[PDB]
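K.L.:
First the structure, then my questions, so here it is.
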Amino acid sequence: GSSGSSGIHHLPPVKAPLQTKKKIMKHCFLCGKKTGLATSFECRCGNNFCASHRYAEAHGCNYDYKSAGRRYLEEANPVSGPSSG
Ligand SMILES: [Zn+2]
Ligand SMILES: [Zn+2]
């Protein structure tokens, strides 16, 4: 003769879908129209503007771009300049 018994247990698995998302959201600095996603440009100053205000003048740019880049030109007075022979 004889006898005996016992017990058992269990436990469910643990896990979580760790997702992550992050995208840049740019937008004209003048008016404030979305540009990042699409229609984005850079100005001599750096500020990001829209295709409509992408040009410096468009937003009365401040950056001094006189040395490197110009539009209006004038003829200098008549000089002899002996430099040349
Ligand atoms: Zn704009
Ligand atoms: Zn500018």
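Chain lettering (A, B, ...) mirrors the order of the structure tokens, residue numbering begins at 1 for each chain separately, and ligand numbering begins at 1 in order of display.
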Give as a list in words the residues surrounding ligand 1 up to a distance of 9 Å, considering only C-alpha atoms and all ligand atoms.

P.N.:
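Checked against 9 Å with only C-alpha atoms and all ligand atoms; the hits are residues 27, 28, 29, 30, 31, 32, 33, 34, 35, 48, 49, 50, 51, 52, 53, 54, 58 and 59 of chain A.
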
K.L.:
Quick one: write out the picked residues with C-alpha atoms as an mmCIF file, in the first residue's frame?

P.N.:
```
data_model
loop_
_atom_site.group_PDB
_atom_site.id
_atom_site.type_symbol
_atom_site.label_atom_id
_atom_site.label_comp_id
_atom_site.auth_asym_id
_atom_site.auth_seq_id
_atom_site.Cartn_x
_atom_site.Cartn_y
_atom_site.Cartn_z
ATOM 1 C CA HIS A 27 7.255 76.370 -40.483
ATOM 2 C CA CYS A 28 7.984 79.756 -42.055
ATOM 3 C CA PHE A 29 9.259 82.244 -39.474
ATOM 4 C CA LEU A 30 7.639 85.201 -41.238
ATOM 5 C CA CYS A 31 4.001 84.188 -41.690
ATOM 6 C CA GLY A 32 4.069 80.761 -40.070
ATOM 7 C CA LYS A 33 3.104 78.478 -42.946
ATOM 8 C CA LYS A 34 4.098 74.812 -42.753
ATOM 9 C CA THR A 35 7.359 74.195 -44.613
ATOM 10 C CA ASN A 48 13.286 79.113 -42.444
ATOM 11 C CA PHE A 49 10.604 80.694 -44.630
ATOM 12 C CA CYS A 50 7.939 79.534 -47.084
ATOM 13 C CA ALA A 51 8.346 79.249 -50.855
ATOM 14 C CA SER A 52 6.589 82.622 -50.920
ATOM 15 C CA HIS A 53 8.947 84.268 -48.431
ATOM 16 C CA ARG A 54 11.942 82.026 -49.117
ATOM 17 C CA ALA A 58 10.497 88.655 -49.194
ATOM 18 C CA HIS A 59 11.049 89.019 -45.448
#
```

K.L.:
Enumerate residues in contact with ligand 2: an atom-to-atom distance of at most 7 Å, counting only C-alpha atoms and all ligand atoms. Format the result as a ChimeraX atom specification.

P.N.:
/A:43-47,56,59,61-63

K.L.:
Could you tell me how far CA of residue 23 (chain A) sits from CA of residue 36 (chain A), in Å to one decimal place?

P.N.:
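For CA of residue 36 (chain A) relative to CA of residue 23 (chain A), the distance reads 9.6 Å.
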
K.L.:
So which bits of region 3-63 of chain A end up strand (DSSP E or B) when you DSSP the backbone, as a PyMOL selection string?

P.N.:
chain A and resi 27+34+41-42+48-49

K.L.:
Would you write out those residues with C-alpha atoms, as a compact mmCIF listing (two decimals), in the first residue's frame?

P.N.:
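What landed in part.txt:
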```txt
# COMPACT_ATOMS: atom_id res chain seq x y z
CA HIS A 27 7.26 76.37 -40.48
CA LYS A 34 4.10 74.81 -42.75
CA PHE A 41 13.99 76.88 -47.93
CA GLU A 42 16.96 78.51 -46.20
CA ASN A 48 13.29 79.11 -42.44
CA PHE A 49 10.60 80.69 -44.63
```
